[PDB]
Structures are given as structure tokens and as C-alpha cells.
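What follows is a single structure, written as C-alpha cells, with notes after it.
All of this is worked out from the model, or read from it or from the source named; none is laboratory data. Heads up, the Cβs are rebuilt from the backbone with ideal geometry, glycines too, and the neighbour counts pull from every protein chain shown.
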Amino acid sequence: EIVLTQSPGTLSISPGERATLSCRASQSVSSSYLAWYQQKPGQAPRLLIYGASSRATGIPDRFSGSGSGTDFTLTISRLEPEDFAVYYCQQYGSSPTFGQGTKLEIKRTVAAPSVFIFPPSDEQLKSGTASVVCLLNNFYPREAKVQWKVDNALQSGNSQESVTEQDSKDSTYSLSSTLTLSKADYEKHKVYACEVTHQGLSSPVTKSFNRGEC
Amino acid sequence: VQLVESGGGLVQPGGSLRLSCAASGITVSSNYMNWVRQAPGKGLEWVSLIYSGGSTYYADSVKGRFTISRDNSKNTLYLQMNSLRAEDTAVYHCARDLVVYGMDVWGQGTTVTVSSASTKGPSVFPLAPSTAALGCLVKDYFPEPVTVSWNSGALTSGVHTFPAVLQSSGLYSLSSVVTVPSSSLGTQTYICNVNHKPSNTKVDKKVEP
Amino acid sequence: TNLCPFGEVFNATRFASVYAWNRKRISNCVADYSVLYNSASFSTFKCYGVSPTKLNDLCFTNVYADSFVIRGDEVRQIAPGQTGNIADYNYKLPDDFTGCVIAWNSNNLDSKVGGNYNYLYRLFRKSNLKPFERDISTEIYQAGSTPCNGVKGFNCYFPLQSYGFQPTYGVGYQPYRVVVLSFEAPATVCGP
Ligand SMILES: *[C@@H]1O[C@H](CO)[C@@H](O)[C@H](O)[C@H]1NC(C)=O
């Protein structure tokens, strides 16, 4: 079956520039069945291009498509703020298949996160669980590494992360990571630390606390 | 011209659910019609297709479980979903497919949630400051959503309320934080107002150093 | 005693589009089906209800040789019990089909740089074809409640699509020549 791979996963550009989004099919296929869709945050997908190169009804002139064989391209010639969205390519073999999507985000200068760590509350501890939370505030670009350490043992498999959407005023992201331990396990260790790696930091930043020390 | 999906809801694993899509401006039975779904934070996944002449096709992940059909006199497309699984949790869209002309008409979608969890209000714990940051951890609730505000809406600058994560227990959890001048930690009260309507739970938690 | 004119079918310079599939009626002649099966110039030679070897020892009232071009990924649809664009809207074999389906890659003859637009298939049809039904209509397809009146537009589409065969396409999008032999009063066609 046809597999569509879009590239790049994220494209970072400024209003007024030209965007080039790529879609690679795993076999050489007919161009008549290649379509591109836009999905703005919260909305349903919207047909942009069909047959690889034909603009759909009511779609602005700055969208155009091209390519053939295995390589297809969506070009947005002069980005407007409403164009920052997710784009999917789609092929119809004997049934529809979609690419995995390319995110078009606003580019800005590198901004390093400010990092904060929060111990679990006494109230939560009463109930047998400890959540330790590490906050990474207002950074750019989105790529960032949080490494939890407990008494300098690196933690794997006991944390979850989530990230805000790009901020509409400063175009940064923020990230929250939660390490979850049982209360009994929490009480076996002293030093709880969040180590953050990011392009805006020359060396990783570690925020930590000692359990039981105010 | 529109497609309006109905029938989404909460179902237990192993349960069944029938989705409906009422069309206007196209005739369902004269078209290639698709169901396309989108799991939270994921991409588009084609699910099922029916030809004008009646032939049907299914993605491997739903084969033997889902049945697409239609009622011509109601100009309506259906998706019968049996043996539902937690991974079937998604927004389900109907779309008219023109094959060489793309999927030009899309419905706004209907949300399906498959889970074993029972309704449960959140526990709200402080994220206490030691620019300062403080917040509220909103833990162990079901189903979505919760709303969080700060000082009854008076404080919006510097607030970040994060997307909920689904925990391995099947309960959701979110954090809401705000950054403030450290000099105001001694002079200003900070209260996060958490509302979880499915359990009729409202919590106002004061957060202090 | 005359040889059956299989060469006129298999070796025709031009083959028909599937929507307008050709039918050659074979009558009053002798046929070596093992010669055909022994060419081995075929990527598909599937017989249903009969054995290629035992076909040389049987007689029939009428033999039909249907011929057309489809894409490689659609050859599977040329079989009893199948569904899809070809089986539903172009060429349908009966569930009780007694005959043989023969196919071969024709990229060297049917594909062209820039695309060959001569071969077409029916993409839009309201209902499925009956077995051995041929629809050569080119009427605008109504996908809505408003009649089209010969005018293309929203909900009003030309029913046929070109395969646009190009030599650089993968095998699944490449052209395949297909011959369907149907075996059906007195016998007229027999094997040796
Ligand atoms: C087609 O032509 C080839 C070579 O000219 C010939 O050997 C072959 O017998 C012909 N095919 C049939 C089925 O007669």
C-alpha cells in the first residue's frame, strides 16, 4: 500500500515569506489522486489542492501544488497569519491514505526557558502519591529535553509532559512535566531534580529541591 | 452544502455506538463517502468508505468491528462501531470524496470517547512558589473537560493552562501555572478556580509560598 | 479444422479501454489452450471451473474473448466475487464464472512520456454493472439533487477518468492487457 511521508515535520517561517511543504510517496504513483488539506486549530480539514496541482474553489492564489511520481510539493507563496496551521497530503490508491502532517509555525529568535520545580504538596502526600512538577516557561524553539533525576539516578518511564500552543503575542511555548511516584518511593530519596536542555541554554539548567527541607 | 455528524459520546470498551451524518446539498447514496477520524493530538486517519453502488471498504484497524451504511430517504450516512477500544477515541468526520477532485465537503465531526473510567471530580493541589511561578495541579478527574481561571478571571497575564494528559489509570490530569513578580508574593492573593461540570465540582484553591 | 483466431485477440496492436471492453465471439474452429498456457508470456493465467490442461479435451457452443486495458493493482478485480472500480463500474464477471483470465504488463506499448490519455475507466456510476454489462455512456454524473443538463460543475462530473499511463509509474499504476475467455445448442469450438 502507498505510504505518504511529509517533510519537514515542522516548518518555521515568518509572514510574507514562501513556504515549501513536501510529500513523498513510497511508490511512483499517478498525480491525479494527490490532494492537500489545511487544518486550522479547532477546525475541520479543508481541501486546498486536488490532482496535485489544481486549486480548489475559493482557495487563495498564493497556494499552489506541483510534483509527480514520488515527490509532491505544496507551496504557499506569501504567508499570511491565517496560513500558520497543519497541512496533510493525501493519496487515493484503492482507498484514501494520509500523510502524517506538517506543522507551519511562526519563526522567532531563540528564547531560553525559565525553569521552575515544584515539590508535591503535603495534602497530596496524605493520599499516598507524590507528583513532582517541572515548568519550562516561554521558550523558543519547541524542542526541549526534560531529564528527571532522583538522587542523580536518571528517571525513565514515570513522567508525562504537555506543551501549550504557540503564544499569540510572543510566539513562545511552555512545557509542564510531571514525575509521579508513590509516597513510599518518594520517601526513599532526598534530591529531586529537573535537568533541562534547550538551544537557548549554553549548558543544561538543573532545578532541584531536597525532600523535607523548607 | 454541509455534513452534520451526530451520535458521539462516552462508551465502555467492548461497547457499541452508531454515528450518523446528515447531508444537505449532496446526495449520500450518489457519492463516494468516507469516515475519517482524528485521535487527540494526532493526524488524520481514513476509517471507512462506501461506493455509490454499495461496495464498502475499511481500514485494517477497524475491519470486522465497524460497518458503514446509509439511508437514502434520510440522506444520511452511518457508522456502526462495535467492540470499541480506547484507541478508537477520536473526532469522527464524514466527508464526500470525489477521488480525482479530493474530499471537498467535510463535516465538523462528532467526538467519541471509549473508556472504563467512572465520572470523578479532580483533586486540586497547590504548585507553591519556593519572576516567580506558582500554580495548581488538577489531578485525577474524568471525563474532560475542566476549566481553570485565576482570581475569578482578574488574572490572565502570564497564565499557562496546559493540555490535560491521560494517565495510565484512565483519569486525566492538568497543570495551570502563572508567572508573577516575586515582589507580589507577599502582597497579592492567588486563587485558582477549578470547575469540573460533569461532577458538579467547583474548587477555589489559594496558592501561597 | 480451422484454427481459432486467438492471435487477433492477444496480439492486437490496440486494445480497448475497460469501460468499452471488446468482445470477440469465437465459433467453428479448433483451439490449443495448452499452447496459450505454454507461452508463459503472462503474469496472470487463472482458470475458474476448468483446468487449462483439460480445456484441450472439451467442447463448447460459444467462446467469448473479452479484451481491455486496466492498471496492475486492478487485475485482482478481474475475478468472480470481486468489488472495486473495475468490477462494479466497468467489467463484472459472474459469481459462477466458467473461464480463464489472462493478463500481461504492457508498459512498453501502452505507456507514454507525458502520459497516454487514450485508456479510460468509469469513475462515477450510481449503480453496479450486471455481469457482462457494457456501459459506454458519457453523460454528466449527478452527485446531487439538481439535474446537470449536460453542464459540468458542482455535483456534475464527467464520468470517465484517464489512466494517464507513464513508463516511470510503479507496476501497480502501469498498464496491463487483459483477455477473459468465457466458455458457454450444438458445439462449434473444441480442443484437440
Ligand atoms: C503473437 O505473436 C507471436 C510472435 O509473432 C506468436 O508467436 C504468437 O503465437 C502470437 N500469439 C498468439 C496467441 O497467436
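Count, please, the residues in segment B:110-134 that happen to be facing chain A (nearest Cβ under 7 Å) and touching a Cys at 6+ places or on another chain (Cβ under 8 Å).
Here the count works out to 3.
Go through segment C:47-66 residue by residue and tally those that are more than 12 Å from the ligand (Cβ to nearest atom) and assigned to a strand (DSSP E or B).
7
Can you pull out the residues in segment C:21-46 that are outside any loop (DSSP other than H, G, I, E, B) and within 16 Å of the ligand (Cβ to nearest atom)?
Going through segment C:21-46, the residues outside any loop (DSSP other than H, G, I, E, B) turn out to be C:22-26, C:29-30, C:33-37, C:44-46.
Across segment C:21-46, the qualifying residues are C:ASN22, C:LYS24, C:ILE26, C:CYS29, C:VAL30, C:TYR33, C:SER34, C:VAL35, C:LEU36, C:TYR37, C:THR44, C:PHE45.
Looking at (1) surrounded by 15 or more Cβ atoms within 10 Å (Cβ to Cβ); (2) more than 14 Å from chain A (Cβ to nearest Cβ); (3) away from the ligand (no atom under 16 Å from the Cβ); (4) not acidic (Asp, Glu), find the lone condition where C:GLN77 falls short.
Of everything listed in (1) surrounded by 15 or more Cβ atoms within 10 Å (Cβ to Cβ); (2) more than 14 Å from chain A (Cβ to nearest Cβ); (3) away from the ligand (no atom under 16 Å from the Cβ); (4) not acidic (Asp, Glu), C:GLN77 misses just condition (2).
If you go through segment C:32-79, how many residues are in contact with an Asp or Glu (Cβ under 9 Å, 6 or more places away or on another chain) and either closer than 13 Å to C:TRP104 by Cα or acidic (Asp, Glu) (or both)?
The total comes to 1.
Which of the numbered conditions does B:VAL47 fail, given that it passes all the others? Conditions: (1) farther than 19 Å from A:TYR37 by Cβ; (2) away from chain C (no Cβ under 14 Å); (3) buried (at least 18 other Cβ atoms within 10 Å of the Cβ); (4) among the β-branched types (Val, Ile, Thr).
(1)
Of the residues that sit in segment C:154-186 and are surrounded by 19 or more Cβ atoms within 10 Å (Cβ to Cβ) and hydroxyl-bearing (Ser, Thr, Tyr), which one is farthest from C:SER27 (Cα to Cα)?
Here the answer is C:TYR157.
Out of the residues in segment B:76-109 meeting the condition of being surrounded by fewer than 18 Cβ atoms within 10 Å (Cβ to Cβ) and more than 9 Å from chain A (Cβ to nearest Cβ), tell me which one is nearest to B:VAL4 (Cα to Cα).
B:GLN80
Tell me, which strands (runs of 3 or more DSSP E) wholly within segment C:109-192 include 1 or more residues that are at negative phi and within 14 Å of chain B (Cβ to nearest Cβ)?
Details: elements: C:120-122, C:160-162, C:175-183.
Of the strands (runs of 3 or more DSSP E) lying wholly inside segment C:109-192, those with at least 1 residues that are at negative phi and within 14 Å of chain B (Cβ to nearest Cβ) span C:120-122, C:160-162.
Any residue in segment C:1-27 that's under 20 Å from C:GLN77 (Cβ atoms): show its pairings with residues that are among the small types (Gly, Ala, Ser) and in a loop (DSSP other than H, G, I, E, B) at Cβ separation under 7 Å, as long as the two are six or more apart or on different chains.
Once the first residue is under 20 Å from C:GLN77 (Cβ atoms) and sits in segment C:1-27, its partners that are among the small types (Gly, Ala, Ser) and in a loop (DSSP other than H, G, I, E, B) give C:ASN22/C:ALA16.
Which fully enclosed strands (runs of 3 or more DSSP E) of segment A:121-195 have 3 or more residues being within 13 Å of chain B (Cβ to nearest Cβ)? Before you say what the answer is, go through the steps one by one.
Numbers: elements: A:129-139, A:145-150, A:159-163, A:173-182.
Output list reads A:129-139, A:159-163, A:173-182.
Give B:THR156, B:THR161, B:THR110 a once-over and let me know the one that is within 26 Å of the chain's Cα centre (by Cα) and under 30 Å from A:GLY93 (Cβ atoms).
On the way: B:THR156 fails: under 30 Å from A:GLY93 (Cβ atoms); B:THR161 fails: under 30 Å from A:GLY93 (Cβ atoms).
Going through B:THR156, B:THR161, B:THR110 in turn, the sole match is B:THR110.
Which one is nearest to the other protein chains (Cβ to nearest Cβ) among residues in segment C:1-15 that are part of a loop (DSSP other than H, G, I, E, B), surrounded by 10 or more Cβ atoms within 10 Å (Cβ to Cβ) and near the ligand (Cβ under 9 Å from one of its atoms)?
In this case the residue turns out to be C:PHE6.
Return yes or no: is C:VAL18 away from the ligand (no atom under 16 Å from the Cβ), buried (at least 16 other Cβ atoms within 10 Å of the Cβ) and under 14 Å from C:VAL180 (Cα atoms)? Outline the logic, then answer.
Details: away from the ligand (no atom under 16 Å from the Cβ): yes; buried (at least 16 other Cβ atoms within 10 Å of the Cβ): yes; under 14 Å from C:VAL180 (Cα atoms): yes.
Yes: the conditions hold for C:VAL18.
Could you give every pair whose Cβ atoms fall below 8 Å, whose first residue belongs to segment C:33-47 and is in the same structural domain as C:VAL180 (by CATH), and whose second residue is polar (S, T, N, Q) and away from the ligand (no atom under 11 Å from the Cβ), counting only separations of at least 6 or pairs across chains?
Matching pairs, first to second residue: C:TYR33/C:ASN56; C:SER34/C:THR53; C:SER34/C:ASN56; C:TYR37/C:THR53; C:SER43/C:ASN105.
Looking only at segment B:17-33, count every residue that is within 14 Å of chain C (Cβ to nearest Cβ) and either assigned to a strand (DSSP E or B) or of a type outside the set (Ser, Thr, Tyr) (or both) and tell me the total. Lay out the reasoning, then the answer.
Taking segment B:17-33 and keeping what is within 14 Å of chain C (Cβ to nearest Cβ), we get B:23-33.
Pick out the ones that are also either assigned to a strand (DSSP E or B) or of a type outside the set (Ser, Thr, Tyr) (or both) and you get B:23-26, B:28, B:31-33.
Going through segment B:17-33 one residue at a time, the tally reaches 8.
Hey, C:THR83 hits all of (1) out of contact with any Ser or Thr (no Cβ under 7 Å at 6 or more places or on another chain); (2) more than 13 Å from the ligand (Cβ to nearest atom); (3) in a loop (DSSP other than H, G, I, E, B) but one; which does it fall short on?
The number of the failed condition is (1).
Considering A:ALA153, A:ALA184, A:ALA85, which residue is assigned by CATH to the domain that holds A:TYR50 and surrounded by fewer than 21 Cβ atoms within 10 Å (Cβ to Cβ)? Walk me through how you get there before you give the answer.
Working: A:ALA153 fails: assigned by CATH to the domain that holds A:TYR50; A:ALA184 fails: assigned by CATH to the domain that holds A:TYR50.
Testing whether each residue is assigned by CATH to the domain that holds A:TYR50 and surrounded by fewer than 21 Cβ atoms within 10 Å (Cβ to Cβ) leaves just A:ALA85.
Based on this model, can you work out whether C:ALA87 counts as closer than 18 Å to C:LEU160 by Cα, among the small types (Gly, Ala, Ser) and not assigned by CATH to the domain that holds C:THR138? Walk me through how you get there before you give the answer.
Numbers: closer than 18 Å to C:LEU160 by Cα: yes; among the small types (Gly, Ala, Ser): yes; not assigned by CATH to the domain that holds C:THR138: yes.
Yes: the conditions hold for C:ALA87.
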